[PDB]
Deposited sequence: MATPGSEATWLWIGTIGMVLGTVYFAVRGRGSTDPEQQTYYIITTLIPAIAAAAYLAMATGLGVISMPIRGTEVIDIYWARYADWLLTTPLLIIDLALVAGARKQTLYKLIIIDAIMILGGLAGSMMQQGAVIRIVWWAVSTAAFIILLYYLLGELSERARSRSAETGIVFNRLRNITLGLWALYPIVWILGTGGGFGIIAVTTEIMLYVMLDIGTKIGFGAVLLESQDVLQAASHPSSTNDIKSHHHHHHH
């Protein structure tokens, strides 16, 4: 009963991507061009992964490879967008990308490690530790940096950061409650539906807010 929700996610990502692409044309400043390329590439990768999952690919018997591939690809792009908005140094960005990659890779270790019970909980704990480190990172240095560019930049970055963090904090709960790498409290179809809603949020809503605020970010 999950094909319906996979196709819903597919169509939603497709609409988001087409909308972002139509918004992209006519861009002048190269920074806006970077914003448009990244913000359109994220939902396109998501749509490709969702179409793969919906058409008999994407899942291997016991494992879901398309979701984790999409995550490994797209989460660094969102981090890059946030850092560009805040103007963080390249070293901080490398740190953030490595920490996020470690988080997703730990999540994938739990989806594939299904021998006992404590081993997935340990993988979830360490990946959530990496998540908490990223949370600490986004609230501290990046916010002070964005405020150091200007106050409008600070407010815009705070809105983007609130959206990002609030939406990202729910993925590990879905993971720990689901059937894959979890305890089976919720079924597979509810897991996929909640992932679809979270992806709609984190990819289309964030991109809309970012691309709406480009005029005020330049004038500061």
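Judged by missing C-alpha atoms, the gaps in the deposited chain sequence fall at residues 1-5, 67-75, 235-252, listed in sequence order.
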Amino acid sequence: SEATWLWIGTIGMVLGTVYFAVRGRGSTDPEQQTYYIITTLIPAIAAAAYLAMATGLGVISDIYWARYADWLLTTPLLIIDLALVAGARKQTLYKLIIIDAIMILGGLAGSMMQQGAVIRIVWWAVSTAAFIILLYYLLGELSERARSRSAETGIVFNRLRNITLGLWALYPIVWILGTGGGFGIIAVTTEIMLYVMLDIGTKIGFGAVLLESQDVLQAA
From here on, numbers count along this sequence of modelled residues.
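With 187-195 and 31-39 compared on mean CA B-factor from the PDB entry, the stretch scoring higher is 31-39. Relative to one another, 65-73 and 175-183 have unequal mean CA B-factors, and 175-183 is the one with the higher figure.
Residue set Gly207, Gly201, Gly24, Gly12: peak C-alpha B-factor at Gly24 (per PDB entry). In this structure the maximum Cα B-factor among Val122, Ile133, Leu105, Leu142 is found at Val122.
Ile155 sits in the highest third of its chain by CA B factor, as recorded in the PDB entry. Placement of the Cα temperature factor of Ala117 within the chain: highest third of the modelled residues, per the deposited record. In this PDB entry, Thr128 carries a Cα temperature factor that places it within the lowest third of its chain's modelled residues.
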